[PDB]
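Novice: first chunk of the complex, coordinates as they sit in the assembly:
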Amino acid sequence: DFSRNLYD
């Protein structure tokens, strides 16, 4: 992910 985590 990390790309779906940045959501914050």
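Specialist: Sure thing, it's come through. Numbers count the residues shown, from 1 in each chain, chains lettered A, B, ... in the order given.
Novice: Looking at chain A, which residue reaches furthest from the middle?
Specialist: residue A:8 (7.1 Å; C-alpha atoms, centre = their mean).
Novice: Any figure for the gap between that one and residue A:2?
Specialist: From residue A:8 over to residue A:2 the distance is 12 Å, taken as C-beta to C-beta, to the nearest Å. Bear in mind the C-beta positions are built from the backbone N, C-alpha and C, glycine included.
Novice: where do the contact lists of those two overlap?
Specialist: Taking C-beta atoms under 8 Å, 6 or more residues apart in numbering as the contact criterion, residue A:8 and residue A:2 have no common neighbours.
Novice: Can you pull up the most central residue in chain A?
Specialist: Centroid check for chain A by C-alpha atoms, centre = their mean gives residue A:5 as the closest residue, at 1.6 Å.
Novice: Ramachandran angles for it?
Specialist: phi -100, psi -40 (degrees, to the nearest 10).
Novice: What helix or strand is residue A:7 located in?
Specialist: Following DSSP states H and E, one finds residue A:7 outside all helices and strands.
Novice: Please state the offset of stretch A:1-8 from the chain centre?
Specialist: From the chain centre to the centre of stretch A:1-8 is a distance of 0 Å (C-alpha atoms, centre = their mean, to the nearest Å).
Novice: ok, now chain B:
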Amino acid sequence: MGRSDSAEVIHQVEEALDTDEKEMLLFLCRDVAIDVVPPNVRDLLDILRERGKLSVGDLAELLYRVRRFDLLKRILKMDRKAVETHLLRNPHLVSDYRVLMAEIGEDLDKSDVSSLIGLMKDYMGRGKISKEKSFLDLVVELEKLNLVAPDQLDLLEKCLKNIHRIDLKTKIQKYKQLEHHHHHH
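Specialist: Chain B goes in next, on the same frame as the chains above:
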């Protein structure tokens, strides 16, 4: 301080987690925080944010262990299946030791926990142990007896193997092979 709307996200997840799940958060961040946080667990995430160690990816990992795929969609808009592939890389914000114990407990069911206790009686000799205590509780229980150490498990693999849980045993092996973290003061 610093206001930021990140506080709101942190506050919302605390309310959603059950008291049972809330315990896991303390356990997982136990290494990161020496229980310096006041009695309220809400403050636990708050102090982590101040340290800057609070990554969103970590939150996704934290919510996943407590089996809260539902909250992932609402808070981080993360797909449940995405977590499975994402965790494939097996990334850990904190030492895998703490997470390893939490993850294994999650895999084991209520029946498995009871059976595990009987095996522990032979080595423990019938110490302060009961079916009431959860798997997570069992992990810290062994710490008192010093039967299990971060760099030496051995016993954990044997008992789990008896329960015919090869997958759990395999995961533990990864941890043992992950000792070369090169982490020191």
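Novice: re the thing from before, I figured the residue farthest from the centre of chain A hits residue B:58, correct?
Specialist: No: contact criterion C-beta atoms under 8 Å: residue A:8 and residue B:58 do not qualify, at 11.2 Å.
Novice: Return the residues of chain B in contact with chain A.
Specialist: By the rule C-beta under 8 Å from any C-beta of the partner chain, the part of chain B lying against chain A is B:6, B:9, B:55-57, B:59-60, B:75-79, B:82-83, B:86.
Novice: Leaving out the residues flanking it, which one is nearest to residue B:178?
Specialist: Closest residue in space to residue B:178, ignoring its immediate chain neighbours: residue B:96 at 5.8 Å, by C-beta to C-beta, 6 or more residues apart in numbering or on different chains.
Novice: near chain B, which residues of chain A show up?
Specialist: Applying C-beta under 8 Å from any C-beta, one finds that chain A approaches chain B through A:1, A:2, A:4, A:5, A:6, A:7, A:8.
Novice: Top of the residues you listed by number of neighbours, please.
Specialist: Counting neighbours by other C-beta atoms under 10 Å in any protein chain shown, residue A:1 comes out on top of the residues of chain A next to chain B with 20 neighbours.
Novice: returning to what we had before: need the contact list for the residue nearest to residue B:178.
Specialist: Contacts for residue B:96 (C-beta atoms under 8 Å, 6 or more residues apart in numbering or on different chains) come out as B:90, B:174, B:175, B:178.
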